[PDB]
Amino acid sequence: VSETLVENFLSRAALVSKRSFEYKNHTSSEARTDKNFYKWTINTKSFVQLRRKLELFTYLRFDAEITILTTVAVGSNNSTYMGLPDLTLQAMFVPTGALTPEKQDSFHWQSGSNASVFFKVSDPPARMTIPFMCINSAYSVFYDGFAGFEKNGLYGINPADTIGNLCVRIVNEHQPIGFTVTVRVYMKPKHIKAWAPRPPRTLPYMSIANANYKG
Amino acid sequence: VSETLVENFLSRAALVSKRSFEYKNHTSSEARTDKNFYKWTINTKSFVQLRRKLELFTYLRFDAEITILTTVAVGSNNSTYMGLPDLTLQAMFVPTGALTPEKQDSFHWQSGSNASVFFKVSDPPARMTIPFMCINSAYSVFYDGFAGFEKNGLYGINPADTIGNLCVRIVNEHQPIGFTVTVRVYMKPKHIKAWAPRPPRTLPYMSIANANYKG
Amino acid sequence: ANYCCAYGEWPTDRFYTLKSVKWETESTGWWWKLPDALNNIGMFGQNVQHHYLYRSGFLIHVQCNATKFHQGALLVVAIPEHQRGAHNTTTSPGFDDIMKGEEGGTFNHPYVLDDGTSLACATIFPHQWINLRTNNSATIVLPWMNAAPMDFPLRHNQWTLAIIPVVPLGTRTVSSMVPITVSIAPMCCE
Amino acid sequence: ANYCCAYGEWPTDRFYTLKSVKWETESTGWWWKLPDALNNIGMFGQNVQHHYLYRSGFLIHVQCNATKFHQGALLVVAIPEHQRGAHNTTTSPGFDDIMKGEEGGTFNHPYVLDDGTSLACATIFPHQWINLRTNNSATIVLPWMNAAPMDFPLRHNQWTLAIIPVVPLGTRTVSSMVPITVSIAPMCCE
Amino acid sequence: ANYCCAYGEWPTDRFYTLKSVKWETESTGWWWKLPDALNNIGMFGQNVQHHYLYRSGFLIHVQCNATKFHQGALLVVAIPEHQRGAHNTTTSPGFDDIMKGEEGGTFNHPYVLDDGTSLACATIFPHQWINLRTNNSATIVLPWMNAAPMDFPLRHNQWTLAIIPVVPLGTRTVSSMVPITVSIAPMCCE
Amino acid sequence: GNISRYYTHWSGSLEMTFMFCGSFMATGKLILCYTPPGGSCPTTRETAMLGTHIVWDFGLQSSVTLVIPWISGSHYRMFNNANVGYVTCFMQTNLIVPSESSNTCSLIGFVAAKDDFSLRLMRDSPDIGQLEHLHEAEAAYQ
């Protein structure tokens with residue numbers, strides 16, 4: 001009977017985001033906002049498995065534990081194997097109401113208020129636990145309301161919640177040889193409390209922001 | 001008298017499976033299901049030593065501890081030694097009743113329900129303990145019955161038991177230089193209980209699924 | 001008379017009676033978003049647009065007027081945070097088609113609850129059954145139902161009362177009509 | 001009379017007597033799979049094909065009818081989960097050659113028990129010896145013997161009663177015959 | 001619900017429900033001979049043709065399904081040793097026209113009970129009245145009713161359940177139909 | 001079913017409730033029979049009457065509850081290479097309705113799990129509709 005508790009049912013690590021990015025000597029304006037870094041707003045309604053599992057409840061309250069797995073490889077083979085040089089990566093958690101970096105060398109990377117972790121590729125995956133970041137007592141999986149006070153607000157978007165934004169960059173100044181690095185983010189909710197269970201989703205999802213159904 | 005207990009007699013790590021696989025830029029359909037990954041159904045009746053030792057009993061109940069040892073080498077020598085780049089490998093335990101991956105980039109690799117372990121080649125061997133996974137109270141080493149309800153069922157195959165399937169892949173996207181990696185799997189039963197001892201096997205085995213004898 | 005306390009929680013007496021709806025043999029259902037329904041009527045509406053704040057429960061009474069020769073079944077269900085969805089587009093529902101006021105709206109696809117979920121599993125929500133051969137009334141008591149201790153009545157609908165005919169109304173004549181009366185009594189309205 | 005409780009466990013009274021088999025000087029042995037033997041006879045068989053389920057023990061009595069001038073030794077052994085094997089092929093035994101019913105089967109290679117093990121070590125199983133110069137009967141009591149608490153009688157044989165002449169029957173005449181009678185009494189049959 | 005113990009004697013629970021009969025405005029009546037009705041159904045029939053012997057009572061439940069706009073009266077009477085008779089001949093009734101099985105038979109002359117007696121005096125037997133304006137069900141409990149302590153179920157019918165419409169069924173339409181359901185539950189069946 | 005598809009092994013007993021949604025004066029009888037897993041689904045009323053059955057008179061009772069006995073779905077043929085038991089309904093009598101009522105009546109059925117239900121070995125539900133990429137996904141977290 002312990003396996004079917006809500007905590008065990010929902011507290012499974014899942015690949016919430018996976019996004020590789022090149023870094024080769026990006027002095028020019030090639031691939032703006034993708035030169036040597038990527039950003040990802042921390043939203044749980046990204047993969048359909050986790051969407052359907054979480055949308056079984058109306059209100060949720062949990063702490064998200066994030067583990068980042070990074071791999072480096074190259075297909076150019078312009079020289080010998082020569083191994084892969086050890087790169088240090090910076091992952092900064094930018095909470096809501098704070099400024100997120102727009103470029104790899106932006107001064108926001110050294111804010112001193114946003115929590116940041118520095119880890120190497122050869123090191124084990126970096127782990128951090130994001131606490132319950134909401135002005136309300138629980139996240140709103142479904143929100144029968146409008147965000148803004150004006151009528152142009154979006155339906156279903158709670159201006160509360162909004163856990164934050166996660167940005168990852170390569171700390172090392174661009175080495176002579178470019179490289180492709182892939183960062184995998186795994187989120188595992190912890191200390192989960194759930195309220196008001198709901199019927200399971202039956203139709204395929206149409207969007208990440210709407211409850212629209214096909215049929 | 002302690003050395004000759006059943007737990008000490010059977011709880012010895014053994015090379016249950018060893019299977020190398022190439023990974024060189026397998027974008028094409030070369031070596032389907034062997035492109036960059038291999039799978040192995042977890043069965044104890046694979047090596048004759050362990051077969052004869054386990055078939056001394058009718059019913060067994062144990063937890064299997066799996067240690068994975070991986071080595072990388074190349075005989076091509078197309079360039080300098082240049083060392084061996086550190087690759088991250090994913091080993092996913094797919095229990096019975098779940099879908100196993102069919103390709104290296106299948107979405108089953110990020111299921112979020114199948115337990116998975118990520119380890120590097122330079123790291124010590126990865127260890128995981130698979131619990132007693134059976135709907136019955138003990139595994140059936142010998143089964144005087146038929147699996148399916150129809151008469152076409154196989155003799156001796158218990159639809160229970162069936163510990164699960166183990167799949168190992170290289171997480172890194174294919175690097176410019178191909179490589180041969182060999183994964184060795186060692187299984188060591190723990191907390192073993194045995195019932196109904198049986199006469200030892202005397203004739204050479206004819207198959208992994210039958211008790212057929214030559215002579 | 002045999003009320004249903006939602007989620008086993010028991011949190012004035014005006015009982016704002018909305019205009020009765022006509023239950024036909026081809027009706028799909030009706031829904032009212034509770035804060036929005038009373039936003040434009042009575043001391044509740046006056047206080048709601050006087051203040052920026054609101055906090056209260058609700059009391060729902062649904063009654064049908066039919067004879068012993070009528071048949072049909074209704075599902076009276078209160079859905080918390082019933083975020084609706086569109087049918088064949090990726091754009092979110094608009095303010096006009098979400099905030100229907102005291103008039104309310106009708107279900108386009110009662111089978112999927114206009115949400116993409118299943119009506120068959122809607123019984124997990126606080127609900128009552130109106131089977132015309134056994135009963136004709138249903139009463140539901142609704143708690144606060146908000147994550148925050150405080151709320152804005154003009155932007156967020158905490159509850160959505162839905163009445164869906166599972167078994168269509170029927171009689172000897174091919175055309176049938178049975179009035180349905182909905183009365184909402186906010187309790188400790190702020 | 002001097003019964004043998006298998007594995008020291010003691011878990012109706014119909015005593016279904018199978019047709020007697022003839023013990024000749026060249027006989028290799030006989031075996032019966034216990035759930036299958038009674039699957040087509042008596043209230044046991046009727047209940048077995050009435051239900052999808054079965055759970056009970058067994059009582060086995062084996063008796064020989066011979067004179068004081070006969071010689072021979074029998075091994076009456078009950079093998080749990082006696083998964084048989086083929087002799088010169090890699091294909092598994094079939095349903096026809098596994099489920100022999102109340103008729104039973106004969107050992108092709110009693111030396112290896114048709115399993116590839118040794119007959120000499122078969123005494124580890126619950127067994128009794130019938131030496132014609134000392135005794136002519138053997139009784140074995142069989143427990144539940146199943147990993148699961150429940151079982152399907154039509155697909156899985158939990159026990160296999162085997163009678164193997166270790167010492168061939170002999171007398172002054174070159175041809176000898178001694179009847180062997182097997183009686184099985186399921187206890188608490190389900 | 002308000003059962004009738006025959007002759008003030010109170011002597012399983014399967015309640016074999018026979019196929020419902022249709023009560024029309026021109027129906028004369030239906031009868032079932034109790035041992036014969038269950039002789040070919042259920043564990044009662046299996047035991048009856050397994051043994052040469054039988055001894056038990058009976059429990060009878062008769063129910064009608066009609067609306068408040070239907071009218072009619074039924075006499076549910078259990079006749080012990082209802083030896084029938086022919087209408088215009090001196091030959092005795094045959095086995096085929098006596099043993100009707102679970103199908104039962106119909107009254108040719110309900111006025112004389114197919115016996116030559118009077119229906120008006122049939123109330124001396126254990127009976128119940130089904131007047132559609134007051135009740136729609138009748139329950140009778142039948143004792144052993146045999147001179148001998150033992151009986152042969154395949155040759156002698158101890159009871160005969162008879163349902164006779166004294167007042168014909170009627171409604172506004174000239175054609176009326178009301179199902180009648182008969183359930184028999186032998187008690188302590190042998 | 002939706003929750004159980006998230007797990008591999010399920011065991012317990014189910015409870016079914018059937019509600020008659022006809023007119024007030026509609027009358028009739030129905031037979032609800034339960035067939036154990038090791039049996040064949042009945043095809044005729046008298047064959048169904050032999051087994052465990054309930055004679056439901058919906059002219060008197062508008063709702064009937066049927067309790068399915070404890071069943072272990074794990075043991076009973078889950079890809080052992082579905083006749084796990086049936087619940088069937090037969091019309092014992094005709095449907096009788098007053099002239100002013102409708103000629104057709106409907107039945108509503110419910111299912112619930114008793115407190116003895118058990119679920120084990122959680123897996124990935126296949127009824128999600130499979131993983132398709134959704135709209136506004138990439139633009140959400142550039």
Side-chain angles (χ1 to χ4, degrees), chain A residues 136-137 140 143-151 153 155 158-160 196, chain C residues 1-22 30-65 76-84 95-106 125-128 137-163 179-190:
Chain A
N136 302 327
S137 297
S140 301
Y143 190 69
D144 195 356
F146 291 84
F149 294 96
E150 90 308 337
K151 293 212 318 173
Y155 185 47
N158 196 359
Chain C
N2 183 24
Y3 49 57
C4 169
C5 292
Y7 297 124
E9 256 65 77
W10 198 99
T12 59
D13 204 26
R14 270 276 330 151
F15 263 119
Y16 304 86
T17 294
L18 319 181
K19 282 317 118 195
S20 294
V21 295
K22 288 150 100 83
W30 315 262
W31 53 267
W32 295 267
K33 302 195 169 303
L34 271 200
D36 181 36
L38 320 176
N39 264 356
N40 212 14
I41 54 170
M43 50 66 168
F44 184 100
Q46 328 326 137
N47 304 359
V48 147
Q49 98 289 289
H50 282 147
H51 321 300
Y52 299 163
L53 282 202
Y54 161 67
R55 199 238 51 81
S56 91
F58 289 98
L59 180 40
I60 311 299
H61 180 82
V62 176
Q63 178 126 53
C64 316
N65 285 291
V76 181
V77 56
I79 308 155
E81 309 272 3
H82 184 224
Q83 176 177 342
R84 306 179 42 87
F95 201 92
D96 56 2
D97 54 49
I98 284 306
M99 300 298 230
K100 286 306 206 332
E102 92 310 5
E103 166 86 350
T106 63
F125 293 135
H127 75 289
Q128 289 235 307
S137 64
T139 300
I140 313 186
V141 178
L142 295 189
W144 170 228
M145 212 37 33
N146 192 42
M150 214 40 222
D151 198 349
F152 311 114
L154 299 171
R155 317 222 56 73
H156 175 240
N157 309 295
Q158 315 189 0
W159 284 105
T160 294
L161 169 79
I163 303 172
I180 304 182
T181 298
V182 184
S183 321
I184 302 104
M187 317 177 321
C188 301
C189 54
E190 213 276 345

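Each chain gets a letter, A, B and so on, in the order its sequence line appears, and its residues count up from 1. What you see below is based on every heavy atom in this structure, not just the backbone, and it leaves out hydrogens, waters and symmetry mates.
Here NZ of C:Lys33 is found 13.5 Å from CG of C:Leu38. Values are rounded to the nearest 0.5 Å. Distance check, rounded to the nearest 0.5 Å: CH2 of C:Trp30 to OG1 of C:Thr106 gives 9.5 Å. In this structure, CG in C:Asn39 is found 7.5 Å from CG in C:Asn157, a value given to the nearest 0.5 Å. Of the inter-residue distances, the one linking C:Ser20 atom OG with C:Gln63 atom CD reads 10.0 Å to the nearest 0.5 angstrom. Between the NE2 atom of C:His82 and the CG atom of A:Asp144 there is a distance of 8.0 Å, given to the nearest 0.5 Å. Within the model, atoms CE of C:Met99 and CG of C:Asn40 stand 11.5 Å from one another, a figure rounded to the nearest 0.5 Å.
A 4.5 Å side-chain heavy-atom check between C:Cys189 and C:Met43 finds at least one atom pair inside the cut-off. C:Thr181 places none of its side-chain heavy atoms less than 4.5 Å from the side chain of C:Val62. Side-chain atoms of C:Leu142 and C:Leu34, non-hydrogen and from C-beta on, do get closer than 4.5 Å to each other. A 4.5 Å side-chain heavy-atom check between C:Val48 and C:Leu154 finds at least one atom pair inside the cut-off. Contact annotation: the side chain of C:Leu161 never approaches that of C:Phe58 to less than 4.5 Å [non-hydrogen atoms, C-beta and beyond].
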| Are C:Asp36 and C:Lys100 close enough, and set up right, to give a salt bridge (charged side-chain N to carboxylate O under 4.0 Å, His left out), and what steps lead you there? | CA-CA 7 Å; C:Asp36 181 36; C:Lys100 286 306 206 332; over 6 Å; no
What side-chain donor-acceptor pairs closer than 3.5 Å can you find for residues 4-15 of chain C, not counting sequence neighbours?
none

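Around CZ of A:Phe149, the count of heavy atoms belonging to other residues, nucleotides or ligands within 6.0 Å does not exceed 12. In this structure, C:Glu103 places its CD atom where only 12 or fewer heavy-atom neighbours from other residues, nucleotides or ligands lie under 6.0 Å away.
The aromatic ring centres of C:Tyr52 and C:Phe152 sit 6.0 Å or more apart.
For C:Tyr54, the ring pair (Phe, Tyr, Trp, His ring centres under 6.0 Å) partners two or more places apart in sequence, or in a different chain, are C:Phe44.
Under the 4.0 Å criterion applied to side-chain N and carboxylate O atoms, C:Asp151 and C:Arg55 are not assigned as salt-bridge partners.
Sorted by first and then second residue, the side chain to side chain donor-acceptor pair (under 3.5 Å) pairs with a member in residues 139-148 of chain C read C:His61-C:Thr139; sequence neighbours excluded.
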